[PDB]
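What follows is a short report on a single structure.
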Amino acid sequence: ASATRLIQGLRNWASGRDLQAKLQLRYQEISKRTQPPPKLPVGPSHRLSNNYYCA
Amino acid sequence: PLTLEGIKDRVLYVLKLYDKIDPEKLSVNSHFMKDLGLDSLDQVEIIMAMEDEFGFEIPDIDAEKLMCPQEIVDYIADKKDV
Amino acid sequence: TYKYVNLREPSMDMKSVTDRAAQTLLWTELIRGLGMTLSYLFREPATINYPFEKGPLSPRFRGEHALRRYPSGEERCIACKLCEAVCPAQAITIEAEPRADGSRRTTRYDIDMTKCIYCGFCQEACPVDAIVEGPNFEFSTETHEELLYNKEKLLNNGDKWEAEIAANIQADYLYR
Amino acid sequence: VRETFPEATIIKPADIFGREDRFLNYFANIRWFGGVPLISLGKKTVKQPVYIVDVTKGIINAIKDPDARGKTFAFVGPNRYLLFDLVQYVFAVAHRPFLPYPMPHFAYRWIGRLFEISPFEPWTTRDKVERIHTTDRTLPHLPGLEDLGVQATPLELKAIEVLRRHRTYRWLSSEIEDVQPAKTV
Amino acid sequence: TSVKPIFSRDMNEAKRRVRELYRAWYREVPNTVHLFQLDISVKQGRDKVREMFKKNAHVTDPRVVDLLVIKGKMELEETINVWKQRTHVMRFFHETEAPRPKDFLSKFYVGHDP
Amino acid sequence: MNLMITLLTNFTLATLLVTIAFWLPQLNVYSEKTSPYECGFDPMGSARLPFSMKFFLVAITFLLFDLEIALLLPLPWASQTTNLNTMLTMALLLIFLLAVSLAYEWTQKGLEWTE
Amino acid sequence: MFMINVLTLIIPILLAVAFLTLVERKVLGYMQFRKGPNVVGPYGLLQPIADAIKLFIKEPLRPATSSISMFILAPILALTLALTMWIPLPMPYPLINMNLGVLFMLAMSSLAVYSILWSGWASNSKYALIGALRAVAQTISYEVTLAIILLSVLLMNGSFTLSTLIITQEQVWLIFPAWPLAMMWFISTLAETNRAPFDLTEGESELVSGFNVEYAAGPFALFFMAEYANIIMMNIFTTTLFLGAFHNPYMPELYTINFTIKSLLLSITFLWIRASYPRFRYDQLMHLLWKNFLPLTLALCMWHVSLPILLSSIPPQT
Amino acid sequence: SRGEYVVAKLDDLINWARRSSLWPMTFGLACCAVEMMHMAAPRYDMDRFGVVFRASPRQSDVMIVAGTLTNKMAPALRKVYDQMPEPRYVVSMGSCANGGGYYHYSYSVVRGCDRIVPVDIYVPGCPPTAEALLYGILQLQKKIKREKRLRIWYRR
Amino acid sequence: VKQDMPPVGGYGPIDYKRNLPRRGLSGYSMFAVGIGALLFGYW
Ligand SMILES: CCCCCCCCCCCCCCCCCC(=O)OC[C@H](COP(=O)([O-])OCC[N+](C)(C)C)OC(=O)CCCCCCCCCCCCCCCCC
Ligand SMILES: CCCCCCCCCCCCCCCCCC(=O)OC[C@H](COP(=O)(O)OCCN)OC(=O)CCCCCCCCCCCCCCCCC
Ligand SMILES: CCCCCCCCCCCCCCCCCC(=O)OC[C@H](COP(=O)(O)OCCN)OC(=O)CCCCCCCCCCCCCCCCC
Ligand SMILES: CCCCCCCCCCCCCCCCCC(=O)OC[C@H](COP(=O)(O)OCCN)OC(=O)CCCCCCCCCCCCCCCCC
Ligand SMILES: CCCCCCCCCCC1=C(C)C(=O)C(OC)=C(OC)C1=O
Ligand SMILES: CCCCCCCCCCC1=C(C)C(=O)C(OC)=C(OC)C1=O
Ligand code: SF4
Ligand code: SF4
Ligand code: SF4
């Protein structure tokens with residue numbers, strides 16, 4: 001994504017495909033390495049009533 | 001292979017080249033199990049020494065009953081002309 | 001719900017026959033392969049400059065083992081042996097006794113790193129977050145017995161890597 | 001060593017042979033130089049070479065024996081050989097052309113100084129000339145391998161193991177028994 | 001007590017198969033010494049074959065000695081074809097092992113095993 | 001004269017790159033490092049056994065087609081003659097005879113390999 | 001002062017082989033989305049020196065089963081015949097100006113096969129035997145067109161003199177009248193020089209290393225640098241045949257720069273073909289040079305005999 | 001002395017030429033060889049360090065034991081190591097090659113390749129990452145860098 | 001709650017078929033170019 005448009009055009013002509021639209025080297029479009037803290041959901045047995053284990 | 005005497009002398013020659021048999025007791029009517037005191041595998045390698053000498057494949061059923069050098073020379077004489 | 005790969009019959013008009021004959025005699029698909037290889041010649045390679053550039057990792061990464069402490073100096077391991085009960089290779093060997101203040105602590109906490117399978121069952125079985133499998137992966141030794149960690153080496157790994165292990169547990173602990 | 005450590009076990013090996021020796025390999029490698037020269041045809045010196053695992057079992061059985069403290073052991077092989085037919089057995093196991101010739105004592109040390117002028121590990125020296133042509137003395141008063149429980153292995157069992165390396169391919173796979181043994185004394 | 005055979009009806013055919021197998025090993029041993037370039041004599045290898053045969057010499061069950069003939073033919077096929085190496089053939093010659101203590105006194109000296 | 005000097009030079013510093021290849025490093029020779037390579041396990045038999053050639057008829061017919069470029073090779077010089085239609089007819093006769101030979105070797109499946 | 005001319009020939013075409021190893025590894029790397037060597041020197045410019053020092057301080061390992069005389073003679077003859085096929089090449093002046101330099105190139109191609117061949121025989125190994133008889137199967141496939149193509153291209157030259165081939169291409173390149181011969185000669189030189197898709201002798205995946213599988217470092221160096229000297233000489237020869245440049249008799253360095261950059265582009269073309277194709281099975285090699293290239297080569301031989309007669313354009317032999 | 005300086009610079013030259021031209025061999029056993037292929041992959045890229053495979057042992061410099069060494073292949077491992085010319089090195093990759101690993105108490109597994117070959121670098125992991133393997137290779141290069149071959153020859 | 005989830009409208013369309021874009025000239029054009037180069041070289 002730092003290639004010159006001469007090399008970019010030669011490369012697109014040589015592969016026959018558009019390569020800047022689908023780059024295999026990853027850049028700022030990917031997810032952040034630091035994420036907000038999650039709040040994970042609980043399951044169906046996390047209840048206080050009608051939760052007999054034998055049932 | 002021509003006469004029986006050369007076959008018998010050659011049998012006794014191979015059996016005295018065989019080292020577990022003491023040649024002092026080796027007579028033509030000497031038995032291997034009860035006289036010379038040999039294992040069965042000793043008699044089996046005796047028969048394979050006979051195949052190394054004479055050169056014909058001896059089957060199992062007729063080599064079991066070869067319990068003396070006289071039976072050996074008689075079986076080689078049966079499988080030959082002499 | 002299924003497709004026939006390679007069930008194409010070629011066209012038999014003179015146009016397509018002449019096109020395939022030019023492909024055969026003048027090597028069109030060979031020039032296609034050369035063009036794709038020449039197209040990769042003019043790209044930026046994916047070669048990161050190790051050891052100055054590092055492969056990207058996550059805060060779940062399982063590397064070198066370390067024994068953690070509480071934020072007072074007290075070690076966390078209370079000798080409960082779940083980490084060696086769940087260890088799939090029996091790499092952990094624990095021997096314990098009440099120490100001089102009556103506290104349940106270990107005298108022997110050995111991890112054989114050359115039996116260890118780096119699956120992290122010990123860090124998920126530990127009820128007090130004592131044993132963890134930290135972020136270090138560049139700890140290759142020149143002798144085999146340097147990869148047989150006692151309690152002292154694991155506590156020194158904790159004291160070495162605590163300023164990162166605490167942050168990775170702070171980043172991940174809600175998923176656990 | 002006997003006077004500064006009086007309880008030391010001092011061991012006398014005769015001439016040790018093995019895969020990494022400089023005794024049978026040395027005798028092998030004079031098919032390169034010429035026709036294996038020998039002082040007085042190598043027939044005025046007698047050797048009894050000992051195998052290396054015999055010496056090793058002797059050292060370990062001297063470690064385990066408390067009665068080996070302060071002794072002086074003489075580790076020799078079971079058979080004594082002249083040097084001529086020793087070298088002839090070496091060249092017969094390796095299947096090399098054995099054509100010996102007499103070299104005198106004043107001239108086979110000039111060959112010794114010719115190869116010790118190298119800065120590397122020398123191919124030979126005049127000291128090695130003196131020690132290949134020194135007879136293995138007989139010391140019956142000292143205990144041996146038989147007094148430490150080590151059965152001495154003769155040369156005709158391990159010489160193929162040593163000297164298979166020096167063979168060419170055309171006789172590389174011949175056996176241990178496909179050779180006449182050397183003459184003992 | 002009515003069991004199904006493997007090859008042998010009784011001990012006569014069983015001893016015939018043991019005998020043929022010892023014949024095949026006795027014929028094989030010089031080739032095994034030659035092309036593995038073993039550093040043993042041919043008599044020494046034949047005595048090892050005799051020792052490995054006499055080790056099983058106390059069996060009186062035809063099915064068990066049928067399986068011993070079967071496993072001996074398998075090891076023979078692994079030896080004729082070069083599927084064993086020099087290590088696998090010399091593992092019958094326990095050469096790196098120490099002679100174990102035999103009498104009561106030396107077994108008492110070295111350890112606790114009866 | 002210059003050709004012999006050039007060949008002697010090339011052979012000399014091709015064999016002085018070998019005599020400083022064998023004598024310069026340190027050797028530890030033992031009779032398992034010099035064993036034949038057979039991907040780790042011991043080789044079954046010798047490599048001097050007959051290695052049966054499948055392409056043998058093509059190998060013989062190469063000896064009969066390699067003579068053709070001892071015959072077709074004077075054609076840059078044979079074009080310099082003053083009886084030129086005769087030369088052209090005989091040249092096309094030689095390449096045609098090579099081609100008829102190759103056609104006959106095709107049609108009886110001689111260019112295919114055996115088995 | 002001819003021995004100095006021999007040294008200034010054959011030492012830079014060892015240094016060109018050395019840096020061809022680096023050019024091969026780096027162009028092969030960037031075509032494989034990676035880098036080549038850049039750590040050992042400044043952007044890898046000292047990697048071949050490390051490889052050249054490394055192979056001559058490593059233990060040479062003459063094998064036990066090897067017939068030692070042919071085993072040593074094979075890399076010596078390899079590097080000797082690799083060096084001595086550069087002497088009739090006009091640069092614009094050859095070292096030894098031969099009247100029949102093309103036949104010298106062809107005969108010393110035919111003698112260079114015995115290096116591979118005696119290396120595969122002498123090193124008494126099974127994979128080496130397969131790699132030697134695959135060189136037999138490859139050489140009987142390419143030699144049956146390598147001479148007819150090279151015959152048909154010189155029917156426009158007039159002789160077998162490589163220096164006259166500069167005068168032949170003074171107006172037009174000889175790839176314009178003979179591009180089927182050119183594109184067939186290029187594949188015949190790929191198959192001659194044991195380069196991919198026609199590796200087939202140092203087969204990495206079928207064999208382990210083929211003929212030089214027993215050759216440890218030192219003797220292995222003289223097959224590898226021989227092979228790379230063969231590919232640089234072969235692209236210089238292909239350039240002289242089909243892309244012959246302008247020659248000024250008063251400025252030879254113009255021609256030298258021109259055929260240098262053309263042969264470098266064909267060397268990069270060899271590296272770029274080796275970086276892109278699967279490898280033939282070595283019978284499909286033989287069913288290519290016999291069933292496909294050989295009929296068309298005979299046809300173009302008929303055409304290139306008859307066509308200088310057809311247009312009164314027979315070139316002079318002087 | 002001058003000769004100590006000369007043998008020191010020649011030690012530096014031969015150690016440079018040996019650590020900067022390491023040729024490993026195409027030899028993997030188990031899951032670690034997939035990661036060793038990832039160390040050959042374009043992200044970590046062994047070939048920039050001069051590290052490139054040669055399939056024959058005669059033309060290889062280091063043997064990366066990458067995977068599990070069983071009993072059935074231990075003589076093949078030993079003969080492959082023996083057919084490498086000196087100087088040859090061993091990098092042990094992963095837990096099974098180091099000390100038996102996850103199959104340590106098994107009937108069929110050699111408990112570490114150091115029972116078979118002399119091992120220089122132990123690379124830990126199951127598998128170690130390709131970055132960790134490349135770390136072990138660069139540590140092997142640092143081990144070759146501080147060799148003192150000609151100095152010890154000059155002093156003996 | 002907070003959880004790794006797809007967005008509300010879902011992810012975008014993803015290409016998964018063959019795209020070999022059929023480039024190059026036809027057969028007659030390449031043979032015309034080749035025969036024209038032959039004629040120029042011959043002249
Ligand atoms: C030297 C300078 C550069 C020259 C160009 C070369 C550079 C480009 C190289 C690309 C990479 C190639 C790498 C190796 C590839 C190996 C495979 C390969 O090439 O196989 C050959 C392929 C093989 O095809 P194939 O293998 O698919 O064939 C199938 C065969 N059967 C059916 C029997 C199974 O093609 C050829 O053999 C063609 C050879 C060249 C043809 C030239 C013909 C020119 C036109 C003549 C006139 C035509 C009209 C008729 C007359 C009209 C008169 C008016
Ligand atoms: C007179 C002109 C000069 C002629 C002589 C000079 C020839 C120069 C070229 C040298 C050729 C040498 C080798 C030729 C071999 C031909 C025989 C052959 O291969 O026949 C088999 C082939 C079908 O192959 P198949 O049997 O299936 O093989 C399986 C494995 N591939 O069968 C075929 O493919 C059919 C072949 C015959 C039909 C070809 C038609 C071409 C027509 C072009 C236009 C007219 C040209 C003038 C000549 C008359 C042609 C009829
Ligand atoms: C036709 C053209 C052919 C060209 C062939 C050659 C191509 C490559 C040319 C050279 C390219 C650059 C080489 C750089 C070498 C290393 C430079 C360097 O930085 O070395 C440092 C190293 C250690 O020094 P240190 O004390 O650690 O430094 C601390 C710094 N504060 O110290 C050292 O390494 C010690 C010094 C060694 C110097 C060696 C230099 C390279 C020699 C190459 C041989 C050929 C030279 C050219 C011959 C023909 C032209 C005359
Ligand atoms: C045991 C295995 C082998 C071990 C040793 C290997 C040694 C090297 C082997 C490779 C070299 C073989 C050389 C064979 C002879 C080549 C002759 C030659 O190059 O001829 C080409 C050239 C033709 O040019 P021309 O038309 O004569 O021009 C001058 C007239 N105006 O001719 C000229 O320009 C003429 C120049 C003078 C030529 C002198 C005559 C040739 C000398 C031959 C020497 C011995 C060759 C040995 C061959 C061994 C083959 C394995
Ligand atoms: C002075 C002459 C120096 C010659 C140096 C020879 C050794 C360099 C080999 C490098 C190499 C190249 C070029 C190479 O082509 C290759 O194939 C991909 C390798 O890996 C199998 C290599 O190792
Ligand atoms: C040239 C590109 C790098 C190749 C590196 C191969 C090193 C040896 C790995 C062993 C191996 C091979 C040969 C192999 O081909 C393979 O198949 C995918 C494996 O996984 C099962 C392997 O483990
Ligand atoms: S990561 Fe797994 S194998 Fe390693 S110590 Fe923990 S539980 Fe055991
Ligand atoms: S599970 Fe945790 S607290 Fe329990 S013994 Fe293991 S490390 Fe100690
Ligand atoms: S150490 Fe583990 S992950 Fe690595 S190869 Fe062995 S079993 Fe596979």
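Residues are named by chain letter and number: chains run A, B, ... in the order of the structure tokens, numbers start at 1 in each chain, and ligands are numbered from 1 in the order shown.
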What residues in chain E have any atom no more than 12 Å from chain H when counting only C-alpha atoms, and can you write them as a VMD selection string?
chain E and resid 83 to 88
All residues within 10 Å of ligand 2 are required, counting only C-alpha atoms and all ligand atoms; please report them as a ChimeraX atom specification.
/F:92-93,95-109,111-112 /G:287,290-302
Within 7 Å of ligand 6, which residues show up when you count only C-alpha atoms and all ligand atoms? List them as a PyMOL selection string, please.
chain H and resi 25-31+33-34+36-37+40+53
Could you write out, as a list in words, all the residues of region 28-141 of chain D that DSSP marks as strand (DSSP E or B)?
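Residues of region 28-141 of chain D classed as strand (DSSP E or B): residues 37, 38, 46, 47, 50, 51, 72, 73, 74, 75, 81, 82, 101 and 102 of chain D.
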Could the residues in this selection be saved with N, CA and C atoms as a short mmCIF file (atom, residue, chain, number, x, y, z; two decimals), in the first residue's frame?
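Saved result, selection-v4.cif, follows:
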```
data_model
loop_
_atom_site.label_atom_id
_atom_site.label_comp_id
_atom_site.auth_asym_id
_atom_site.auth_seq_id
_atom_site.Cartn_x
_atom_site.Cartn_y
_atom_site.Cartn_z
N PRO D 37 57.35 -49.58 6.06
CA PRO D 37 58.71 -49.89 6.49
C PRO D 37 58.78 -50.28 7.96
N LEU D 38 59.71 -51.18 8.27
CA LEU D 38 59.85 -51.77 9.59
C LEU D 38 61.32 -51.95 9.94
N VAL D 46 58.26 -57.86 19.93
CA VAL D 46 57.06 -58.64 20.22
C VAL D 46 56.04 -57.72 20.88
N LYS D 47 54.78 -57.82 20.46
CA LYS D 47 53.71 -57.04 21.05
C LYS D 47 52.56 -57.94 21.49
N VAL D 50 46.13 -54.95 23.69
CA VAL D 50 44.96 -55.15 24.53
C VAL D 50 43.80 -54.33 23.98
N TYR D 51 42.59 -54.88 24.05
CA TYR D 51 41.42 -54.21 23.52
C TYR D 51 40.94 -53.14 24.51
N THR D 72 49.63 -52.20 41.25
CA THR D 72 50.14 -51.75 39.96
C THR D 72 49.77 -52.81 38.94
N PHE D 73 48.78 -52.52 38.11
CA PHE D 73 48.23 -53.50 37.19
C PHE D 73 48.89 -53.40 35.82
N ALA D 74 48.94 -54.52 35.12
CA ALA D 74 49.50 -54.60 33.78
C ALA D 74 48.43 -55.18 32.86
N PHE D 75 47.81 -54.32 32.05
CA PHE D 75 46.71 -54.74 31.19
C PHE D 75 47.27 -55.11 29.83
N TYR D 81 52.32 -61.19 19.85
CA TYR D 81 52.61 -61.26 18.43
C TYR D 81 53.94 -60.58 18.15
N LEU D 82 54.69 -61.10 17.19
CA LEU D 82 55.74 -60.30 16.59
C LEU D 82 55.13 -59.14 15.83
N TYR D 101 59.42 -53.99 3.75
CA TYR D 101 60.82 -53.83 3.37
C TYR D 101 61.60 -53.32 4.56
N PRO D 102 62.86 -53.73 4.72
CA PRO D 102 63.67 -53.25 5.85
C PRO D 102 64.11 -51.81 5.65
#
```
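Here CA of residue 104 (chain D) and CA of residue 33 (chain D) stand 16.7 Å from one another.
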Compile the residues of chain A that lie within 9 Å of chain C, evaluated using only C-alpha atoms, and express the compilation as a PyMOL selection string.
chain A and resi 1-3+7-8+10-16+25+33-40
Could the residues in this selection be written to a file with N, CA, C and O atoms, as a PDB file, in the first residue's frame?
```
ATOM      1  N   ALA A   1       0.801  -1.190   0.000  1.00  0.00           N
ATOM      2  CA  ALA A   1       0.000   0.000   0.000  1.00  0.00           C
ATOM      3  C   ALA A   1       0.851   1.265   0.000  1.00  0.00           C
ATOM      4  O   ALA A   1       0.404   2.402   0.158  1.00  0.00           O
ATOM      5  N   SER A   2       2.146   1.048  -0.191  1.00  0.00           N
ATOM      6  CA  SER A   2       3.098   2.140  -0.310  1.00  0.00           C
ATOM      7  C   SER A   2       3.777   2.095  -1.669  1.00  0.00           C
ATOM      8  O   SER A   2       4.774   2.774  -1.895  1.00  0.00           O
ATOM      9  N   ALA A   3       3.231   1.288  -2.571  1.00  0.00           N
ATOM     10  CA  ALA A   3       3.822   1.123  -3.888  1.00  0.00           C
ATOM     11  C   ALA A   3       3.441   2.280  -4.799  1.00  0.00           C
ATOM     12  O   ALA A   3       2.367   2.873  -4.673  1.00  0.00           O
ATOM     13  N   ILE A   7       4.483   0.905 -10.491  1.00  0.00           N
ATOM     14  CA  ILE A   7       4.650  -0.473 -10.033  1.00  0.00           C
ATOM     15  C   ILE A   7       3.298  -1.107  -9.738  1.00  0.00           C
ATOM     16  O   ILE A   7       3.075  -2.288 -10.027  1.00  0.00           O
ATOM     17  N   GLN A   8       2.365  -0.321  -9.197  1.00  0.00           N
ATOM     18  CA  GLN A   8       1.004  -0.788  -8.945  1.00  0.00           C
ATOM     19  C   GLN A   8       0.288  -1.174 -10.236  1.00  0.00           C
ATOM     20  O   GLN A   8      -0.359  -2.226 -10.301  1.00  0.00           O
ATOM     21  N   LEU A  10       1.802  -1.958 -13.174  1.00  0.00           N
ATOM     22  CA  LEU A  10       2.518  -3.112 -13.718  1.00  0.00           C
ATOM     23  C   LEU A  10       2.134  -4.395 -13.001  1.00  0.00           C
ATOM     24  O   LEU A  10       1.968  -5.446 -13.625  1.00  0.00           O
ATOM     25  N   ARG A  11       1.941  -4.306 -11.692  1.00  0.00           N
ATOM     26  CA  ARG A  11       1.600  -5.457 -10.874  1.00  0.00           C
ATOM     27  C   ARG A  11       0.170  -5.912 -11.137  1.00  0.00           C
ATOM     28  O   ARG A  11      -0.101  -7.119 -11.226  1.00  0.00           O
ATOM     29  N   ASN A  12      -0.752  -4.954 -11.291  1.00  0.00           N
ATOM     30  CA  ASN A  12      -2.129  -5.274 -11.656  1.00  0.00           C
ATOM     31  C   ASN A  12      -2.214  -5.864 -13.056  1.00  0.00           C
ATOM     32  O   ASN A  12      -3.033  -6.755 -13.307  1.00  0.00           O
ATOM     33  N   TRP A  13      -1.387  -5.376 -13.982  1.00  0.00           N
ATOM     34  CA  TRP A  13      -1.385  -5.938 -15.326  1.00  0.00           C
ATOM     35  C   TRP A  13      -0.789  -7.336 -15.341  1.00  0.00           C
ATOM     36  O   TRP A  13      -1.255  -8.204 -16.083  1.00  0.00           O
ATOM     37  N   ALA A  14       0.248  -7.567 -14.536  1.00  0.00           N
ATOM     38  CA  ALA A  14       0.925  -8.855 -14.546  1.00  0.00           C
ATOM     39  C   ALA A  14       0.070  -9.934 -13.900  1.00  0.00           C
ATOM     40  O   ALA A  14      -0.014 -11.053 -14.415  1.00  0.00           O
ATOM     41  N   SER A  15      -0.579  -9.617 -12.781  1.00  0.00           N
ATOM     42  CA  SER A  15      -1.474 -10.594 -12.176  1.00  0.00           C
ATOM     43  C   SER A  15      -2.792 -10.699 -12.926  1.00  0.00           C
ATOM     44  O   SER A  15      -3.453 -11.740 -12.864  1.00  0.00           O
ATOM     45  N   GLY A  16      -3.193  -9.644 -13.629  1.00  0.00           N
ATOM     46  CA  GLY A  16      -4.485  -9.614 -14.277  1.00  0.00           C
ATOM     47  C   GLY A  16      -5.644  -9.317 -13.361  1.00  0.00           C
ATOM     48  O   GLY A  16      -6.794  -9.350 -13.810  1.00  0.00           O
ATOM     49  N   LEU A  25      -1.462  -7.918   2.778  1.00  0.00           N
ATOM     50  CA  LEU A  25      -0.788  -7.325   3.921  1.00  0.00           C
ATOM     51  C   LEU A  25      -1.781  -6.446   4.668  1.00  0.00           C
ATOM     52  O   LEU A  25      -2.502  -5.656   4.053  1.00  0.00           O
ATOM     53  N   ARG A  33      -5.728  -3.782  19.125  1.00  0.00           N
ATOM     54  CA  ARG A  33      -5.108  -4.742  20.024  1.00  0.00           C
ATOM     55  C   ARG A  33      -5.600  -4.580  21.455  1.00  0.00           C
ATOM     56  O   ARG A  33      -5.534  -5.536  22.231  1.00  0.00           O
ATOM     57  N   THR A  34      -6.097  -3.398  21.815  1.00  0.00           N
ATOM     58  CA  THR A  34      -6.704  -3.136  23.115  1.00  0.00           C
ATOM     59  C   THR A  34      -8.203  -2.962  22.932  1.00  0.00           C
ATOM     60  O   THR A  34      -8.645  -2.057  22.216  1.00  0.00           O
ATOM     61  N   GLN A  35      -8.974  -3.811  23.592  1.00  0.00           N
ATOM     62  CA  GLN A  35     -10.414  -3.889  23.452  1.00  0.00           C
ATOM     63  C   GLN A  35     -11.112  -3.479  24.745  1.00  0.00           C
ATOM     64  O   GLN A  35     -10.509  -3.524  25.823  1.00  0.00           O
ATOM     65  N   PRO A  36     -12.373  -3.033  24.677  1.00  0.00           N
ATOM     66  CA  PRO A  36     -13.114  -2.775  25.908  1.00  0.00           C
ATOM     67  C   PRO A  36     -13.406  -4.071  26.640  1.00  0.00           C
ATOM     68  O   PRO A  36     -13.467  -5.148  26.021  1.00  0.00           O
ATOM     69  N   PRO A  37     -13.559  -4.027  27.962  1.00  0.00           N
ATOM     70  CA  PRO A  37     -13.833  -5.249  28.720  1.00  0.00           C
ATOM     71  C   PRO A  37     -15.227  -5.773  28.430  1.00  0.00           C
ATOM     72  O   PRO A  37     -16.202  -5.009  28.430  1.00  0.00           O
ATOM     73  N   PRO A  38     -15.362  -7.066  28.159  1.00  0.00           N
ATOM     74  CA  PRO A  38     -16.663  -7.615  27.780  1.00  0.00           C
ATOM     75  C   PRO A  38     -17.555  -7.844  28.992  1.00  0.00           C
ATOM     76  O   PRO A  38     -17.157  -7.690  30.145  1.00  0.00           O
ATOM     77  N   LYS A  39     -18.794  -8.218  28.695  1.00  0.00           N
ATOM     78  CA  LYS A  39     -19.782  -8.633  29.687  1.00  0.00           C
ATOM     79  C   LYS A  39     -20.423  -9.881  29.098  1.00  0.00           C
ATOM     80  O   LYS A  39     -21.362  -9.789  28.305  1.00  0.00           O
ATOM     81  N   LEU A  40     -19.898 -11.033  29.457  1.00  0.00           N
ATOM     82  CA  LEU A  40     -20.324 -12.258  28.801  1.00  0.00           C
ATOM     83  C   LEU A  40     -21.670 -12.717  29.355  1.00  0.00           C
ATOM     84  O   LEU A  40     -21.927 -12.581  30.552  1.00  0.00           O
TER      85      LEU A  40
END
```
Which residues are near ligand 4 - at most 10 Å, using only C-alpha atoms and all ligand atoms? Format: as a ChimeraX atom specification.
/F:1-8,10-12 /G:69-70,73-74,76-78,80-81,84-85,87-88,96-105,107-108,111-112,114-115,160-161
Given the selection you just returned, output its residues as a file containing C-alpha atoms, formatted as an mmCIF file, in the first residue's frame.
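Dumped to again02.cif:
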```cif
data_model
loop_
_atom_site.group_PDB
_atom_site.id
_atom_site.type_symbol
_atom_site.label_atom_id
_atom_site.label_comp_id
_atom_site.auth_asym_id
_atom_site.auth_seq_id
_atom_site.Cartn_x
_atom_site.Cartn_y
_atom_site.Cartn_z
ATOM 1 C CA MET F 1 48.927 -23.115 -28.291
ATOM 2 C CA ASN F 2 46.588 -20.746 -26.491
ATOM 3 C CA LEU F 3 43.933 -23.474 -26.282
ATOM 4 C CA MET F 4 46.302 -25.814 -24.430
ATOM 5 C CA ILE F 5 47.315 -23.028 -22.021
ATOM 6 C CA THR F 6 43.655 -22.179 -21.372
ATOM 7 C CA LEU F 7 42.647 -25.811 -20.801
ATOM 8 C CA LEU F 8 45.668 -26.366 -18.539
ATOM 9 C CA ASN F 10 41.049 -24.362 -16.182
ATOM 10 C CA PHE F 11 42.018 -27.921 -15.213
ATOM 11 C CA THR F 12 44.698 -26.615 -12.836
ATOM 12 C CA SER G 69 39.212 -41.858 -8.835
ATOM 13 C CA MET G 70 36.088 -41.046 -10.837
ATOM 14 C CA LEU G 73 37.571 -36.561 -11.352
ATOM 15 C CA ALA G 74 33.871 -35.706 -11.753
ATOM 16 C CA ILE G 76 37.219 -31.401 -11.520
ATOM 17 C CA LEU G 77 35.932 -32.125 -15.015
ATOM 18 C CA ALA G 78 32.694 -30.299 -14.129
ATOM 19 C CA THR G 80 36.986 -27.442 -16.038
ATOM 20 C CA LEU G 81 34.345 -27.811 -18.745
ATOM 21 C CA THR G 84 36.341 -23.627 -20.819
ATOM 22 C CA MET G 85 33.020 -23.039 -22.611
ATOM 23 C CA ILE G 87 36.547 -19.022 -24.450
ATOM 24 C CA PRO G 88 34.874 -18.865 -27.918
ATOM 25 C CA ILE G 96 40.166 -17.919 -28.462
ATOM 26 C CA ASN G 97 38.667 -16.953 -31.821
ATOM 27 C CA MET G 98 37.658 -20.291 -33.314
ATOM 28 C CA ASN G 99 36.536 -20.829 -36.889
ATOM 29 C CA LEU G 100 34.173 -23.533 -35.552
ATOM 30 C CA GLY G 101 33.381 -22.158 -32.115
ATOM 31 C CA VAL G 102 29.763 -23.321 -32.234
ATOM 32 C CA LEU G 103 30.851 -26.942 -32.602
ATOM 33 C CA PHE G 104 33.278 -26.373 -29.736
ATOM 34 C CA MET G 105 30.341 -25.201 -27.596
ATOM 35 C CA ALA G 107 31.057 -30.812 -28.119
ATOM 36 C CA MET G 108 32.005 -29.383 -24.734
ATOM 37 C CA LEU G 111 31.511 -33.745 -22.587
ATOM 38 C CA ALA G 112 30.081 -31.869 -19.581
ATOM 39 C CA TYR G 114 30.062 -37.042 -17.996
ATOM 40 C CA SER G 115 30.735 -34.936 -14.894
ATOM 41 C CA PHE G 160 30.031 -21.800 -37.136
ATOM 42 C CA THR G 161 31.999 -18.706 -36.125
#
```
